[PDB]
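Coordinates as given in protein_14.cif (mmCIF, N, CA, C and O atoms):
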data_run
#
loop_
_atom_site.label_atom_id
_atom_site.label_comp_id
_atom_site.auth_asym_id
_atom_site.auth_seq_id
_atom_site.Cartn_x
_atom_site.Cartn_y
_atom_site.Cartn_z
N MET A 1 52.55 209.58 58.68
CA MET A 1 51.27 209.62 57.95
C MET A 1 50.97 208.26 57.34
O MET A 1 51.88 207.48 57.08
N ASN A 2 49.70 207.98 57.12
CA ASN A 2 49.29 206.77 56.42
C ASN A 2 49.17 207.04 54.93
O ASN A 2 49.14 208.20 54.51
N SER A 3 49.09 205.98 54.14
CA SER A 3 48.94 206.10 52.69
C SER A 3 47.61 206.77 52.35
O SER A 3 47.48 207.43 51.32
N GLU A 4 46.64 206.60 53.23
CA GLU A 4 45.33 207.20 53.08
C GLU A 4 45.44 208.72 53.10
O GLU A 4 44.70 209.42 52.40
N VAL A 5 46.40 209.23 53.87
CA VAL A 5 46.66 210.66 53.94
C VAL A 5 47.20 211.17 52.60
O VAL A 5 46.84 212.25 52.14
N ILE A 6 48.06 210.36 51.98
CA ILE A 6 48.64 210.71 50.70
C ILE A 6 47.56 210.82 49.63
O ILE A 6 47.59 211.72 48.79
N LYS A 7 46.59 209.91 49.68
CA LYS A 7 45.49 209.90 48.73
C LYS A 7 44.64 211.16 48.88
O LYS A 7 44.22 211.76 47.89
N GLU A 8 44.42 211.57 50.13
CA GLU A 8 43.68 212.80 50.41
C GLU A 8 44.47 214.02 49.97
O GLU A 8 43.90 215.00 49.48
N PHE A 9 45.78 213.97 50.13
CA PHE A 9 46.66 215.04 49.68
C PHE A 9 46.56 215.19 48.16
O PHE A 9 46.47 216.30 47.64
N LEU A 10 46.57 214.06 47.46
CA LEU A 10 46.44 214.04 46.01
C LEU A 10 45.06 214.56 45.58
O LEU A 10 44.92 215.18 44.53
N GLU A 11 44.06 214.30 46.42
CA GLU A 11 42.71 214.78 46.17
C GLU A 11 42.69 216.31 46.19
O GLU A 11 42.12 216.94 45.29
N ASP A 12 43.31 216.90 47.20
CA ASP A 12 43.33 218.35 47.36
C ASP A 12 44.07 219.01 46.20
O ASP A 12 43.54 219.91 45.55
N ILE A 13 45.29 218.56 45.94
CA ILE A 13 46.11 219.17 44.89
C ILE A 13 45.52 218.91 43.51
O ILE A 13 45.71 219.71 42.59
N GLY A 14 44.79 217.81 43.37
CA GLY A 14 44.14 217.50 42.11
C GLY A 14 45.01 216.64 41.22
O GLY A 14 45.33 217.02 40.09
N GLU A 15 45.39 215.47 41.72
CA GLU A 15 46.21 214.55 40.96
C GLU A 15 45.68 213.13 41.10
O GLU A 15 45.13 212.77 42.14
N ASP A 16 45.85 212.33 40.06
CA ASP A 16 45.38 210.95 40.06
C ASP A 16 46.50 210.00 40.45
O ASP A 16 47.64 210.17 40.03
N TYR A 17 46.17 208.99 41.25
CA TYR A 17 47.14 207.98 41.63
C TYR A 17 46.78 206.64 41.02
O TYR A 17 45.61 206.29 40.90
N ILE A 18 47.80 205.89 40.60
CA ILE A 18 47.59 204.56 40.06
C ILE A 18 47.93 203.52 41.12
O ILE A 18 49.10 203.18 41.32
N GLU A 19 46.91 203.04 41.82
CA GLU A 19 47.12 202.06 42.87
C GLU A 19 46.87 200.65 42.35
O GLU A 19 45.78 200.33 41.87
N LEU A 20 47.88 199.81 42.46
CA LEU A 20 47.80 198.43 42.02
C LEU A 20 47.79 197.50 43.23
O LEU A 20 48.32 196.38 43.16
N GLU A 21 47.17 197.97 44.31
CA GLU A 21 47.10 197.24 45.57
C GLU A 21 48.48 197.19 46.23
O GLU A 21 49.35 196.42 45.83
N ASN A 22 48.68 198.06 47.22
CA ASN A 22 49.96 198.19 47.93
C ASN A 22 51.05 198.79 47.04
O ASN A 22 52.20 198.90 47.45
N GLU A 23 50.68 199.16 45.82
CA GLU A 23 51.59 199.89 44.95
C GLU A 23 50.91 201.13 44.39
O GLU A 23 49.96 201.02 43.62
N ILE A 24 51.39 202.29 44.78
CA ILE A 24 50.88 203.53 44.24
C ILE A 24 51.89 204.12 43.27
O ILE A 24 52.91 204.67 43.67
N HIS A 25 51.62 203.96 41.98
CA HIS A 25 52.50 204.49 40.96
C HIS A 25 52.11 205.92 40.64
O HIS A 25 50.96 206.19 40.27
N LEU A 26 53.04 206.84 40.83
CA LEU A 26 52.74 208.25 40.66
C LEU A 26 53.57 208.87 39.54
O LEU A 26 54.47 208.23 38.99
N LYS A 27 53.25 210.10 39.22
CA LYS A 27 53.99 210.86 38.23
C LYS A 27 55.25 211.42 38.88
O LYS A 27 55.20 211.93 40.00
N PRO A 28 56.39 211.33 38.18
CA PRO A 28 57.71 211.74 38.71
C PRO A 28 57.72 213.12 39.35
O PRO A 28 58.30 213.31 40.42
N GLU A 29 57.09 214.09 38.70
CA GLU A 29 57.06 215.45 39.23
C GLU A 29 56.24 215.52 40.52
O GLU A 29 56.59 216.25 41.45
N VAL A 30 55.16 214.75 40.57
CA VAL A 30 54.34 214.67 41.77
C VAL A 30 55.10 213.97 42.89
O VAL A 30 55.11 214.42 44.04
N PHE A 31 55.77 212.88 42.52
CA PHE A 31 56.56 212.09 43.46
C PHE A 31 57.61 212.95 44.15
O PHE A 31 57.77 212.87 45.37
N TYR A 32 58.30 213.77 43.38
CA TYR A 32 59.36 214.63 43.91
C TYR A 32 58.83 215.55 45.00
O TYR A 32 59.50 215.78 46.02
N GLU A 33 57.62 216.06 44.81
CA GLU A 33 57.01 216.99 45.76
C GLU A 33 56.49 216.24 46.98
O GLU A 33 56.67 216.69 48.12
N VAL A 34 55.85 215.10 46.75
CA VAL A 34 55.32 214.28 47.84
C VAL A 34 56.46 213.72 48.69
O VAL A 34 56.35 213.64 49.92
N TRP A 35 57.56 213.37 48.03
CA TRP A 35 58.75 212.88 48.71
C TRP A 35 59.21 213.86 49.78
O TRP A 35 59.35 213.49 50.95
N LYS A 36 59.41 215.11 49.40
CA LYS A 36 59.85 216.13 50.35
C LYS A 36 58.73 216.50 51.32
O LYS A 36 58.99 216.92 52.45
N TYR A 37 57.48 216.33 50.89
CA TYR A 37 56.33 216.63 51.73
C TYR A 37 56.30 215.73 52.96
O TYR A 37 55.97 216.17 54.06
N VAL A 38 56.66 214.47 52.77
CA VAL A 38 56.62 213.50 53.86
C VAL A 38 57.93 213.48 54.66
O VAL A 38 58.15 212.60 55.49
N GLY A 39 58.79 214.46 54.40
CA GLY A 39 60.02 214.58 55.17
C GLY A 39 61.22 214.01 54.44
O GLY A 39 62.30 213.92 55.02
N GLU A 40 61.02 213.66 53.17
CA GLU A 40 62.06 213.11 52.28
C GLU A 40 62.99 212.11 52.98
O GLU A 40 64.09 212.45 53.42
N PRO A 41 62.54 210.85 53.10
CA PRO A 41 63.34 209.77 53.66
C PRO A 41 64.18 209.08 52.59
O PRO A 41 64.28 209.56 51.46
N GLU A 42 64.77 207.94 52.94
CA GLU A 42 65.57 207.18 51.99
C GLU A 42 64.68 206.44 51.00
O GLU A 42 63.67 205.84 51.38
N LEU A 43 65.07 206.49 49.74
CA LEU A 43 64.31 205.84 48.67
C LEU A 43 64.90 204.48 48.35
O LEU A 43 66.11 204.27 48.43
N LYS A 44 64.03 203.55 47.97
CA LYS A 44 64.45 202.20 47.65
C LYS A 44 64.27 201.95 46.15
O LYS A 44 63.15 202.03 45.63
N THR A 45 65.36 201.68 45.47
CA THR A 45 65.33 201.50 44.02
C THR A 45 65.46 200.03 43.65
O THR A 45 66.21 199.29 44.28
N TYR A 46 64.73 199.62 42.62
CA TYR A 46 64.81 198.25 42.14
C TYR A 46 65.02 198.22 40.63
O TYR A 46 64.62 199.15 39.92
N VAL A 47 65.67 197.17 40.16
CA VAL A 47 65.90 197.00 38.74
C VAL A 47 65.00 195.89 38.21
O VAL A 47 64.94 194.80 38.78
N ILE A 48 64.30 196.17 37.13
CA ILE A 48 63.45 195.17 36.50
C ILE A 48 63.79 195.02 35.03
O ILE A 48 63.60 195.94 34.23
N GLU A 49 64.35 193.87 34.67
CA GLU A 49 64.67 193.58 33.29
C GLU A 49 63.43 193.11 32.55
O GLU A 49 63.05 191.94 32.63
N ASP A 50 62.79 194.02 31.85
CA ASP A 50 61.58 193.70 31.10
C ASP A 50 61.88 193.67 29.62
O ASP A 50 62.28 194.67 29.03
N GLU A 51 61.74 192.50 29.01
CA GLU A 51 62.07 192.33 27.61
C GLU A 51 60.87 192.65 26.73
O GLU A 51 59.76 192.18 26.97
N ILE A 52 61.11 193.45 25.70
CA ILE A 52 60.08 193.77 24.73
C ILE A 52 60.07 192.70 23.64
O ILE A 52 61.10 192.40 23.03
N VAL A 53 58.90 192.10 23.42
CA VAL A 53 58.77 191.01 22.47
C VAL A 53 58.43 191.54 21.08
O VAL A 53 58.02 192.69 20.93
N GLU A 54 58.60 190.69 20.07
CA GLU A 54 58.31 191.07 18.70
C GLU A 54 56.84 190.81 18.38
O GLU A 54 56.30 189.76 18.73
N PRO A 55 56.16 191.78 17.76
CA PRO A 55 54.76 191.63 17.37
C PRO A 55 54.57 190.62 16.24
O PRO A 55 54.00 189.55 16.43
N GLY A 56 55.07 190.95 15.06
CA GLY A 56 54.91 190.09 13.91
C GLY A 56 55.21 190.82 12.62
O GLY A 56 54.46 190.71 11.65
N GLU A 57 56.28 191.60 12.64
CA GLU A 57 56.61 192.49 11.53
C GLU A 57 56.85 191.72 10.24
O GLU A 57 57.82 190.98 10.12
N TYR A 58 55.96 191.91 9.28
CA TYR A 58 56.14 191.33 7.96
C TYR A 58 56.80 192.33 7.03
O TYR A 58 56.13 193.08 6.31
N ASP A 59 58.12 192.36 7.10
CA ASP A 59 58.92 193.23 6.25
C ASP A 59 60.19 192.50 5.81
O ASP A 59 60.47 192.43 4.61
N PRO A 60 60.97 191.93 6.75
CA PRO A 60 62.09 191.07 6.38
C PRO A 60 61.61 189.67 6.00
O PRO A 60 60.69 189.14 6.61
N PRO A 61 62.22 189.07 4.96
CA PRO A 61 61.87 187.72 4.52
C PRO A 61 62.07 186.69 5.63
O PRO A 61 62.96 186.85 6.48
N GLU A 62 61.24 185.65 5.63
CA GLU A 62 61.32 184.62 6.66
C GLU A 62 62.59 183.78 6.49
O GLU A 62 62.60 182.77 5.80
N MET A 63 63.65 184.26 7.11
CA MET A 63 64.95 183.60 7.09
C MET A 63 65.80 184.20 8.20
O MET A 63 66.45 183.48 8.96
N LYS A 64 65.79 185.52 8.28
CA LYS A 64 66.36 186.22 9.42
C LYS A 64 65.37 186.17 10.58
O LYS A 64 64.16 186.06 10.36
N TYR A 65 65.88 186.26 11.79
CA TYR A 65 65.05 186.07 12.96
C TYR A 65 65.07 187.31 13.84
O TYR A 65 66.12 187.69 14.37
N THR A 66 63.92 187.96 13.97
CA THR A 66 63.79 189.13 14.83
C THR A 66 64.12 188.77 16.27
O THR A 66 63.96 187.63 16.70
N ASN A 67 64.61 189.74 17.03
CA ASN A 67 65.04 189.49 18.39
C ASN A 67 64.31 190.39 19.37
O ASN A 67 63.99 191.54 19.07
N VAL A 68 64.03 189.85 20.55
CA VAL A 68 63.45 190.63 21.63
C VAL A 68 64.55 191.41 22.32
O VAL A 68 65.72 191.00 22.30
N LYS A 69 64.22 192.54 22.92
CA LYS A 69 65.24 193.36 23.56
C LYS A 69 64.99 193.46 25.06
O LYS A 69 63.88 193.71 25.51
N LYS A 70 66.06 193.26 25.82
CA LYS A 70 65.97 193.20 27.26
C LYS A 70 66.17 194.58 27.87
O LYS A 70 67.30 195.08 27.95
N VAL A 71 65.07 195.20 28.27
CA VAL A 71 65.12 196.53 28.86
C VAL A 71 65.22 196.44 30.37
O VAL A 71 64.24 196.21 31.06
N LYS A 72 66.43 196.61 30.88
CA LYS A 72 66.65 196.63 32.31
C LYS A 72 66.48 198.05 32.83
O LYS A 72 67.37 198.89 32.70
N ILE A 73 65.32 198.34 33.38
CA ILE A 73 65.01 199.68 33.83
C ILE A 73 65.05 199.78 35.35
O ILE A 73 64.59 198.88 36.06
N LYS A 74 65.65 200.85 35.84
CA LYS A 74 65.75 201.10 37.27
C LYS A 74 64.61 202.01 37.70
O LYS A 74 64.40 203.07 37.11
N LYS A 75 63.84 201.58 38.69
CA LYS A 75 62.74 202.39 39.20
C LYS A 75 62.89 202.60 40.70
O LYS A 75 63.58 201.84 41.38
N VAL A 76 62.25 203.64 41.21
CA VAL A 76 62.39 204.01 42.61
C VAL A 76 61.03 204.00 43.31
O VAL A 76 60.01 204.29 42.69
N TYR A 77 61.02 203.65 44.58
CA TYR A 77 59.81 203.70 45.38
C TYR A 77 60.14 203.91 46.85
O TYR A 77 61.29 203.74 47.26
N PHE A 78 59.15 204.29 47.63
CA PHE A 78 59.29 204.31 49.07
C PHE A 78 58.08 203.64 49.70
O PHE A 78 56.98 203.69 49.15
N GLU A 79 58.29 203.00 50.83
CA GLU A 79 57.23 202.25 51.49
C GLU A 79 56.70 203.01 52.69
O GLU A 79 57.47 203.51 53.52
N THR A 80 55.39 203.09 52.77
CA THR A 80 54.72 203.79 53.86
C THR A 80 54.55 202.88 55.07
O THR A 80 55.00 201.74 55.08
N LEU A 81 53.87 203.40 56.09
CA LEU A 81 53.59 202.64 57.30
C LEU A 81 52.63 201.49 56.99
O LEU A 81 52.55 200.51 57.73
N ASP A 82 51.90 201.62 55.89
CA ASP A 82 50.92 200.62 55.49
C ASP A 82 51.56 199.60 54.56
O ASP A 82 50.87 198.74 54.00
N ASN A 83 52.88 199.70 54.40
CA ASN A 83 53.64 198.83 53.51
C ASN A 83 53.24 199.04 52.05
O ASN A 83 53.43 198.17 51.20
N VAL A 84 52.69 200.21 51.78
CA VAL A 84 52.32 200.58 50.42
C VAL A 84 53.51 201.22 49.73
O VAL A 84 54.11 202.16 50.25
N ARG A 85 53.87 200.69 48.57
CA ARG A 85 55.05 201.15 47.87
C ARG A 85 54.67 202.17 46.80
O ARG A 85 54.02 201.84 45.81
N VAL A 86 55.06 203.41 47.02
CA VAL A 86 54.84 204.46 46.04
C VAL A 86 55.95 204.42 45.00
O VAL A 86 57.07 204.85 45.27
N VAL A 87 55.64 203.88 43.83
CA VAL A 87 56.64 203.64 42.80
C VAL A 87 56.62 204.74 41.75
O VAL A 87 55.56 205.29 41.42
N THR A 88 57.80 205.08 41.24
CA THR A 88 57.94 206.12 40.23
C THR A 88 59.16 205.84 39.34
O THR A 88 60.14 205.23 39.78
N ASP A 89 59.07 206.26 38.08
CA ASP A 89 60.16 206.11 37.12
C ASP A 89 61.43 206.80 37.63
O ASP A 89 61.49 208.02 37.72
N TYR A 90 62.44 206.00 37.94
CA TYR A 90 63.71 206.52 38.44
C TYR A 90 64.48 207.21 37.33
O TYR A 90 65.23 208.16 37.57
N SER A 91 64.27 206.74 36.11
CA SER A 91 64.86 207.35 34.93
C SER A 91 64.37 208.79 34.77
O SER A 91 65.17 209.71 34.55
N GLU A 92 63.07 208.98 34.91
CA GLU A 92 62.46 210.30 34.82
C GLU A 92 62.80 211.12 36.07
O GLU A 92 63.01 212.32 35.99
N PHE A 93 62.86 210.44 37.21
CA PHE A 93 63.16 211.09 38.48
C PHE A 93 64.53 211.76 38.45
O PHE A 93 64.65 212.95 38.75
N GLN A 94 65.56 211.00 38.07
CA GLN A 94 66.91 211.56 37.96
C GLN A 94 66.97 212.61 36.87
O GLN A 94 67.74 213.57 36.96
N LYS A 95 66.17 212.42 35.83
CA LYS A 95 66.05 213.40 34.76
C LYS A 95 65.58 214.75 35.30
O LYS A 95 66.08 215.80 34.91
N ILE A 96 64.62 214.71 36.22
CA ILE A 96 64.13 215.92 36.87
C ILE A 96 65.18 216.46 37.85
O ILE A 96 65.36 217.67 37.98
N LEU A 97 65.88 215.55 38.53
CA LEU A 97 66.95 215.93 39.44
C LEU A 97 68.03 216.71 38.71
O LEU A 97 68.43 217.78 39.14
N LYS A 98 68.47 216.18 37.57
CA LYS A 98 69.49 216.83 36.75
C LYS A 98 68.96 218.14 36.17
O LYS A 98 69.72 219.07 35.92
N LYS A 99 67.65 218.19 35.97
CA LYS A 99 67.01 219.37 35.40
C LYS A 99 67.05 220.53 36.39
O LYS A 99 67.50 221.63 36.05
N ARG A 100 66.61 220.29 37.61
CA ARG A 100 66.59 221.33 38.64
C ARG A 100 67.96 221.46 39.31
O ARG A 100 68.20 222.40 40.07
N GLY A 101 68.84 220.52 39.03
CA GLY A 101 70.17 220.54 39.61
C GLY A 101 70.15 220.14 41.07
O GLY A 101 70.92 220.66 41.88
N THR A 102 69.25 219.23 41.41
CA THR A 102 69.15 218.72 42.77
C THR A 102 70.25 217.69 43.01
O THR A 102 70.17 216.55 42.55
N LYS A 103 71.31 218.11 43.69
CA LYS A 103 72.44 217.25 43.95
C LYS A 103 72.18 216.39 45.18
O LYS A 103 71.92 216.91 46.26
N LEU A 104 72.23 215.08 45.00
CA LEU A 104 71.98 214.16 46.10
C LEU A 104 73.25 213.93 46.90
O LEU A 104 74.22 213.36 46.40
N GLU A 105 73.24 214.40 48.14
CA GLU A 105 74.38 214.22 49.04
C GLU A 105 74.58 212.75 49.37
O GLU A 105 73.64 211.96 49.32
N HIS A 106 75.81 212.40 49.72
CA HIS A 106 76.13 211.02 50.08
C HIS A 106 75.59 210.71 51.46
O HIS A 106 75.25 209.57 51.77
N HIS A 107 75.50 211.74 52.29
CA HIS A 107 74.84 211.63 53.58
C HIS A 107 73.75 212.69 53.66
O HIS A 107 74.03 213.89 53.69
N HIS A 108 72.50 212.25 53.68
CA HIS A 108 71.37 213.16 53.70
C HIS A 108 71.16 213.73 55.09
O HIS A 108 71.38 213.05 56.09
N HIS A 109 70.70 214.98 55.16
CA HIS A 109 70.48 215.65 56.44
C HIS A 109 69.14 215.23 57.05
O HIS A 109 68.44 216.05 57.64
N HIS A 110 68.80 213.96 56.90
CA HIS A 110 67.55 213.44 57.45
C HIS A 110 67.79 212.08 58.08
O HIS A 110 66.85 211.33 58.33
N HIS A 111 69.05 211.77 58.33
CA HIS A 111 69.41 210.48 58.88
C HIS A 111 70.62 210.62 59.80
O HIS A 111 71.77 210.64 59.30
#

Exercise: express the given structure as structure tokens:
Amino acid sequence: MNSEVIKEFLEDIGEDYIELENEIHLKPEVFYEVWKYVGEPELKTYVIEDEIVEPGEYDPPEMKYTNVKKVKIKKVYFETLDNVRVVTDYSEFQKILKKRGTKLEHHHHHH
């Protein structure tokens, strides 16, 4: 299927997609269903260390120095025939996996 098919599928079910040009960011629960809908292939996960910066908290006296925090978050996506990457929170994804008790085999019955 093409990514255009996925958009039409989302249209029918009634869900919004966040497309950032070749990146379709979806909701974890939707992703889980679409994943198996397309035959559940291998997922590609990436790590992005995104640091949260300090706004300007005026509470501690100007002598101590506030620090930014490096959030290394793991996210998951799969690429379609159109090279469109459907990205989803891997943190939330595994959270749903653990919730439903979906055990990921070391060798999937689709390869």

Point to revise | Selection result for the PyMOL selection byres (((chain A and resi 72-77 and name CA) around 7) and name CA) on this file, as a ChimeraX atom specification | key: /A:43-50,70-71,78-79,85-91

Keeping only N, CA, C and O atoms, take the residues you just selected and write them out as a short mmCIF file (atom, residue, chain, number, x, y, z; two decimals), keeping the file's coordinate frame.
data_model
loop_
_atom_site.label_atom_id
_atom_site.label_comp_id
_atom_site.auth_asym_id
_atom_site.auth_seq_id
_atom_site.Cartn_x
_atom_site.Cartn_y
_atom_site.Cartn_z
N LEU A 43 65.07 206.49 49.74
CA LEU A 43 64.31 205.84 48.67
C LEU A 43 64.90 204.48 48.35
O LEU A 43 66.11 204.27 48.43
N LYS A 44 64.03 203.55 47.97
CA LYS A 44 64.45 202.20 47.65
C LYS A 44 64.27 201.95 46.15
O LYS A 44 63.15 202.03 45.63
N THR A 45 65.36 201.68 45.47
CA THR A 45 65.33 201.50 44.02
C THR A 45 65.46 200.03 43.65
O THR A 45 66.21 199.29 44.28
N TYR A 46 64.73 199.62 42.62
CA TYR A 46 64.81 198.25 42.14
C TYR A 46 65.02 198.22 40.63
O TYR A 46 64.62 199.15 39.92
N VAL A 47 65.67 197.17 40.16
CA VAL A 47 65.90 197.00 38.74
C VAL A 47 65.00 195.89 38.21
O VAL A 47 64.94 194.80 38.78
N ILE A 48 64.30 196.17 37.13
CA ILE A 48 63.45 195.17 36.50
C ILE A 48 63.79 195.02 35.03
O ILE A 48 63.60 195.94 34.23
N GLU A 49 64.35 193.87 34.67
CA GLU A 49 64.67 193.58 33.29
C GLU A 49 63.43 193.11 32.55
O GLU A 49 63.05 191.94 32.63
N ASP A 50 62.79 194.02 31.85
CA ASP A 50 61.58 193.70 31.10
C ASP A 50 61.88 193.67 29.62
O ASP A 50 62.28 194.67 29.03
N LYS A 70 66.06 193.26 25.82
CA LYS A 70 65.97 193.20 27.26
C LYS A 70 66.17 194.58 27.87
O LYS A 70 67.30 195.08 27.95
N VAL A 71 65.07 195.20 28.27
CA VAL A 71 65.12 196.53 28.86
C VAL A 71 65.22 196.44 30.37
O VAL A 71 64.24 196.21 31.06
N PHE A 78 59.15 204.29 47.63
CA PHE A 78 59.29 204.31 49.07
C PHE A 78 58.08 203.64 49.70
O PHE A 78 56.98 203.69 49.15
N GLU A 79 58.29 203.00 50.83
CA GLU A 79 57.23 202.25 51.49
C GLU A 79 56.70 203.01 52.69
O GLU A 79 57.47 203.51 53.52
N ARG A 85 53.87 200.69 48.57
CA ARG A 85 55.05 201.15 47.87
C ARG A 85 54.67 202.17 46.80
O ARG A 85 54.02 201.84 45.81
N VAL A 86 55.06 203.41 47.02
CA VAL A 86 54.84 204.46 46.04
C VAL A 86 55.95 204.42 45.00
O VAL A 86 57.07 204.85 45.27
N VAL A 87 55.64 203.88 43.83
CA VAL A 87 56.64 203.64 42.80
C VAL A 87 56.62 204.74 41.75
O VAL A 87 55.56 205.29 41.42
N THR A 88 57.80 205.08 41.24
CA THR A 88 57.94 206.12 40.23
C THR A 88 59.16 205.84 39.34
O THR A 88 60.14 205.23 39.78
N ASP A 89 59.07 206.26 38.08
CA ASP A 89 60.16 206.11 37.12
C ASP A 89 61.43 206.80 37.63
O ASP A 89 61.49 208.02 37.72
N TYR A 90 62.44 206.00 37.94
CA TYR A 90 63.71 206.52 38.44
C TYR A 90 64.48 207.21 37.33
O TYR A 90 65.23 208.16 37.57
N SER A 91 64.27 206.74 36.11
CA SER A 91 64.86 207.35 34.93
C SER A 91 64.37 208.79 34.77
O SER A 91 65.17 209.71 34.55
#

Practice item. Write down as a PyMOL selection string the residues of chain A whose backbone DSSP state falls under strand (DSSP E or B). Key: chain A and resi 18-19+23-25+44-52+62+64+69-79+85-89

Expected file contents, prior selection, N, CA, C and O atoms, as a short mmCIF file (atom, residue, chain, number, x, y, z; two decimals), in the coordinates of the input:
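Saved result, out04.cif, follows:
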data_model
loop_
_atom_site.label_atom_id
_atom_site.label_comp_id
_atom_site.auth_asym_id
_atom_site.auth_seq_id
_atom_site.Cartn_x
_atom_site.Cartn_y
_atom_site.Cartn_z
N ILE A 18 47.80 205.89 40.60
CA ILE A 18 47.59 204.56 40.06
C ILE A 18 47.93 203.52 41.12
O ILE A 18 49.10 203.18 41.32
N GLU A 19 46.91 203.04 41.82
CA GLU A 19 47.12 202.06 42.87
C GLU A 19 46.87 200.65 42.35
O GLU A 19 45.78 200.33 41.87
N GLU A 23 50.68 199.16 45.82
CA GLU A 23 51.59 199.89 44.95
C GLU A 23 50.91 201.13 44.39
O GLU A 23 49.96 201.02 43.62
N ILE A 24 51.39 202.29 44.78
CA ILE A 24 50.88 203.53 44.24
C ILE A 24 51.89 204.12 43.27
O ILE A 24 52.91 204.67 43.67
N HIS A 25 51.62 203.96 41.98
CA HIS A 25 52.50 204.49 40.96
C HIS A 25 52.11 205.92 40.64
O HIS A 25 50.96 206.19 40.27
N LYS A 44 64.03 203.55 47.97
CA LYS A 44 64.45 202.20 47.65
C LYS A 44 64.27 201.95 46.15
O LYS A 44 63.15 202.03 45.63
N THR A 45 65.36 201.68 45.47
CA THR A 45 65.33 201.50 44.02
C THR A 45 65.46 200.03 43.65
O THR A 45 66.21 199.29 44.28
N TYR A 46 64.73 199.62 42.62
CA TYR A 46 64.81 198.25 42.14
C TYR A 46 65.02 198.22 40.63
O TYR A 46 64.62 199.15 39.92
N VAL A 47 65.67 197.17 40.16
CA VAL A 47 65.90 197.00 38.74
C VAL A 47 65.00 195.89 38.21
O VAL A 47 64.94 194.80 38.78
N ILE A 48 64.30 196.17 37.13
CA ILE A 48 63.45 195.17 36.50
C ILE A 48 63.79 195.02 35.03
O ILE A 48 63.60 195.94 34.23
N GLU A 49 64.35 193.87 34.67
CA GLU A 49 64.67 193.58 33.29
C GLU A 49 63.43 193.11 32.55
O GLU A 49 63.05 191.94 32.63
N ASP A 50 62.79 194.02 31.85
CA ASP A 50 61.58 193.70 31.10
C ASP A 50 61.88 193.67 29.62
O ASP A 50 62.28 194.67 29.03
N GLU A 51 61.74 192.50 29.01
CA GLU A 51 62.07 192.33 27.61
C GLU A 51 60.87 192.65 26.73
O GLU A 51 59.76 192.18 26.97
N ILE A 52 61.11 193.45 25.70
CA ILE A 52 60.08 193.77 24.73
C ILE A 52 60.07 192.70 23.64
O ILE A 52 61.10 192.40 23.03
N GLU A 62 61.24 185.65 5.63
CA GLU A 62 61.32 184.62 6.66
C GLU A 62 62.59 183.78 6.49
O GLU A 62 62.60 182.77 5.80
N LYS A 64 65.79 185.52 8.28
CA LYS A 64 66.36 186.22 9.42
C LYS A 64 65.37 186.17 10.58
O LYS A 64 64.16 186.06 10.36
N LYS A 69 64.22 192.54 22.92
CA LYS A 69 65.24 193.36 23.56
C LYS A 69 64.99 193.46 25.06
O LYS A 69 63.88 193.71 25.51
N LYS A 70 66.06 193.26 25.82
CA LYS A 70 65.97 193.20 27.26
C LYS A 70 66.17 194.58 27.87
O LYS A 70 67.30 195.08 27.95
N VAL A 71 65.07 195.20 28.27
CA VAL A 71 65.12 196.53 28.86
C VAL A 71 65.22 196.44 30.37
O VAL A 71 64.24 196.21 31.06
N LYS A 72 66.43 196.61 30.88
CA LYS A 72 66.65 196.63 32.31
C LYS A 72 66.48 198.05 32.83
O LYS A 72 67.37 198.89 32.70
N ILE A 73 65.32 198.34 33.38
CA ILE A 73 65.01 199.68 33.83
C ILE A 73 65.05 199.78 35.35
O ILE A 73 64.59 198.88 36.06
N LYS A 74 65.65 200.85 35.84
CA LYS A 74 65.75 201.10 37.27
C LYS A 74 64.61 202.01 37.70
O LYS A 74 64.40 203.07 37.11
N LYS A 75 63.84 201.58 38.69
CA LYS A 75 62.74 202.39 39.20
C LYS A 75 62.89 202.60 40.70
O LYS A 75 63.58 201.84 41.38
N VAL A 76 62.25 203.64 41.21
CA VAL A 76 62.39 204.01 42.61
C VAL A 76 61.03 204.00 43.31
O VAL A 76 60.01 204.29 42.69
N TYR A 77 61.02 203.65 44.58
CA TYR A 77 59.81 203.70 45.38
C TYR A 77 60.14 203.91 46.85
O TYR A 77 61.29 203.74 47.26
N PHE A 78 59.15 204.29 47.63
CA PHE A 78 59.29 204.31 49.07
C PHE A 78 58.08 203.64 49.70
O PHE A 78 56.98 203.69 49.15
N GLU A 79 58.29 203.00 50.83
CA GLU A 79 57.23 202.25 51.49
C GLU A 79 56.70 203.01 52.69
O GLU A 79 57.47 203.51 53.52
N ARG A 85 53.87 200.69 48.57
CA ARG A 85 55.05 201.15 47.87
C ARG A 85 54.67 202.17 46.80
O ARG A 85 54.02 201.84 45.81
N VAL A 86 55.06 203.41 47.02
CA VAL A 86 54.84 204.46 46.04
C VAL A 86 55.95 204.42 45.00
O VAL A 86 57.07 204.85 45.27
N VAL A 87 55.64 203.88 43.83
CA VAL A 87 56.64 203.64 42.80
C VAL A 87 56.62 204.74 41.75
O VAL A 87 55.56 205.29 41.42
N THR A 88 57.80 205.08 41.24
CA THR A 88 57.94 206.12 40.23
C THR A 88 59.16 205.84 39.34
O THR A 88 60.14 205.23 39.78
N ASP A 89 59.07 206.26 38.08
CA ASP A 89 60.16 206.11 37.12
C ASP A 89 61.43 206.80 37.63
O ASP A 89 61.49 208.02 37.72
#

Practice item. Just give me the gap between atom N of residue 9 (chain A) and atom N of residue 42 (chain A) in Å, one decimal is fine. Key: 20.1 Å

Review point. If you measure from atom O of residue 20 (chain A) to atom C of residue 84 (chain A), what distance in Å do you get, rounded to one decimal?
Key: 9.7 Å

Practice item. As an NGL selection string, please: all residues of region 22-110 of chain A that backbone DSSP puts in helix (DSSP H, G or I). Key: :A and (28-37 or 90-100)

Exercise for review: Evaluate the PyMOL selection byres (((chain A and resi 97-108 and name CA) around 12) and name CA) here and jot the selected residues down as JSON, numbers by chain.
Suggested key: {"A": [28, 29, 31, 32, 33, 39, 40, 41, 42, 43, 90, 91, 92, 93, 94, 95, 96, 109, 110, 111]}

Exercise for review: Could you check which of A:63, A:58, A:12, A:22 is closest to residue 80 (chain A), using only N, CA, C and O atoms?
Suggested key: A:22
